[PDB]
Amino acid sequence: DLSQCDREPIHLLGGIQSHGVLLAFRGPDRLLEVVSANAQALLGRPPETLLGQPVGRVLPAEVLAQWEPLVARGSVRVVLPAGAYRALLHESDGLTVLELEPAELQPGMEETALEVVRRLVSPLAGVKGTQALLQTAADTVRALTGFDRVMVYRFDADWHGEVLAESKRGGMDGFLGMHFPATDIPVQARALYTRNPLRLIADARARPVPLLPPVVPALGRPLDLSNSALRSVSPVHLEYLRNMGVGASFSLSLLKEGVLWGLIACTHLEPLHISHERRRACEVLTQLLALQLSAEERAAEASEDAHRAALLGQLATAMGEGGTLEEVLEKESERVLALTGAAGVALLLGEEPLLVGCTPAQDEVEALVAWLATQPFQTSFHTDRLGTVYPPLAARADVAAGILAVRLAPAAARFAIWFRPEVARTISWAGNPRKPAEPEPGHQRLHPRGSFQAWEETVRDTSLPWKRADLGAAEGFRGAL
Ligand SMILES: *C/C=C1/C(=C/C2=NC(=C\c3[nH]c(/C=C4\NC(=O)C(C=C)=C4C)c(C)c3CCC(=O)O)/C(CCC(=O)O)=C2C)NC(=O)[C@H]1C
């Protein structure tokens, strides 16, 4: 992909976080093949001397005595000398990978989890706007995690993001409404998070624990840690969190109708571990928000549709109430523009264009009509930045930053073109986006940027996007012309 942020193979770093232990076994004798260098944390004896041993001679009796439900469920609670641990299994590179990490200590967590689910599945939830949905999603995740700050972060069209909503304890500073470059979460990070929706950085300042040996010897590269709960993250991102003053981090992928829409990102000023079962509870809340968002969006799409269907009906009644088509369209100007949420429309019904609302002058309409007759667009053409593809109108963002054109004749140049002004938006970046990272001379190390202080730009010359109901309304109005 684009830069070297994207090139770091974050699933192949060969380290796990220090609060857990990892063990990987091969073949039917279950021979210890990959083990973390801290494995004495939970194995009585030094890990390098257990490379090669069958699992019955490696693992504590405790874990062994739970081996059956472990194998069949992929997850079980074990009570070690060192406390209650949560043991997880998965498969990677032809190995069975056992991960142990401290287990949930509150017997009532799940009970607490069901109560915050209620807040978010609630009878008529999200009824005071989807902003209120985002806030409640932030509120319930922080209520359940104890994280100092919880945010809802949304990826925009170019994969830079913005904070839509924030929930934070009193005195925490936040980033509500701020924008962040796409490189802050690079492309191979976003692909990993599409397949693994959860990740915890329990202590941003702790050192990664290496795996032994540093390659899986069959393959000659490190063990793949894509599906590991204990995967230690890219050192650059740990530096990023240090620069933010963040001691611990936990984020959840928001997948909406197949694709990565955003994250629920949590941060804490001190280290903080969240149990595997408490993070699975937070995942239920994220899927719940994604469900509520989809439901609310489809409903909005449906209600908008009915509005445009009401309109063409009111225009149909209006025609055939007397007069010519140009006559009734002129009187029904407001409805004609409403169909696509436009400020103006030019109709080429044969002769010189009929100009309704604010449109460019007659001559600019004639030039554009002649140019649209050249392009390939089947039946309808639309853009929200006319000026990047049609320079003669590039300076008239006041009346024609976006257009929506429909063909009224096969080879002839007959069209309805709706126009939209620009919509200026003043955005605050968290840091200077022209300098999204501080590379070392020679560009081999790379470091995060040093400051996240507000940096303001106004985006000009672009209209509100054309909505699906806009294109539907226009297609339906071609018949009447
Ligand atoms: C040149 C490389 C860069 C880089 C690398 C990077 N970032 C990664 C993960 C990650 N970044 C964020 C960003 C944010 N956290 C916030 O709170 C906000 C806004 C308020 C932002 C924009 C997040 C949330 C994550 C996910 C991990 C987490 O802490 O929850 C990764 C992948 C880490 C991994 O191993 O998975 C990489 C490689 N960041 C840069 O800024 C540049 C320099």
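Virtual Cβ from ideal backbone geometry, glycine too; neighbours counted across all protein chains shown. FYI, it's all coordinate maths here, none of it is from the lab.
Counting every other Cβ atom within 10 Å of each residue's Cβ, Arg142, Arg478, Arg420 order from fewest to most as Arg478, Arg142, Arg420.
Once you reduce segment 62-118 and segment 415-481 to the center of their Cα atoms, the two points are 44 Å from each other. With only the Cα atoms considered, segment 97-136 has a convex hull volume of 120 Å³ per residue. Along its first, second and third principal axes, ordered by size, segment 281-346 spans 64, 21, 11 Å in Cα coordinates. Cα to Cα, under 25 Å, and not fewer than 8 places away if on the same chain: which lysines meet these conditions relative to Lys467? By straight Cα distance, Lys467 reaches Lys128, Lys256. Checking every one of the chymotrypsin sites (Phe, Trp or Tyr not before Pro) in segment 368-426 against DSSP loop status and a limit of 14 other Cβ atoms within 10 Å picks out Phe377.
In a reduced charge model with +1 at each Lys and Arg Cβ and -1 at each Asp and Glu Cβ, the chain shows a dipole moment near 1560 debye about its Cα centre.
Short-range pairs are left out: with C-alpha atoms under 8 Å and at least six residues apart, the relative contact order of the chain is 13 percent.
Of the trypsin sites (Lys or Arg not before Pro) found in segment 149-249, those in coil by DSSP whose Cβ has at most 13 other Cβ atoms within 10 Å are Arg169, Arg205. Sorted into 5 angstrom bins from 0, the C-alpha pair distances of segment 223-280 split as 4, 14, 20, 26, 22, 11, 3 percent. A convex hull fitted to the Cα coordinates of segment 33-73 yields 84 cubic angstrom per residue.
The ratio of the alpha-carbon radius of gyration of segment 1-47 to the globular-protein estimate 2.2 N^0.38 Å is 1.58.
Between helix 235-244 and the chain, what is the angle of the helix's C-alpha long axis to the longest principal axis, kept within 0 to 90° and rounded to the nearest 10? It works out to around 70 degrees. Dividing the Cα radius of gyration of the chain by 2.2 N^0.38 Å, with N the residue count, gives 1.26. Once the GluC sites (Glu not before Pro) in DSSP loops with at most 12 neighbouring Cβ atoms within 10 Å are cut out of the chain, the longest remaining piece is 1-256. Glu104 sits among other residues whose Cβ lies under 11 Å from its own Cβ, and their net charge, with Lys and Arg +1 and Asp and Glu -1, is +2. Other residues within the sphere of radius under 15 Å centred on the Cβ of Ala361, judged by their own Cβ, net out at -4 (K and R +1, D and E -1). A Cβ-based charge dipole, computed about the Cα centre of segment 129-288 with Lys and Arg at +1 and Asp and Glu at -1, lands at about 420 debye. Considering all different alpha carbon pairs of segment 73-166, the Kirkwood hydrodynamic radius works out to 16.6 Å. As I understand it, the value is the acute angle between the Cα axis of helix 362-372 and the longest principal axis of the Cα atoms of the chain; what does it come to in degrees, rounded to 10? Between helix and principal axis, roughly 50 degrees. In percent, rounded to a whole number, the relative contact order of segment 1-89 is 16, using alpha-carbon pairs under 8 Å and six or more apart. Rg/Rh for segment 158-262 (Cα atoms only, Rh after Kirkwood) is 1.00. What would the Debye equation give as log₁₀ I(q)/I(0) for segment 337-462 at q = 0.12, 0.14, 0.15, 0.21 Å⁻¹, counting only Cα atoms as equal point scatterers? Reported log10 I(q)/I(0), two decimals: -0.56, -0.66, -0.71, -1.14.
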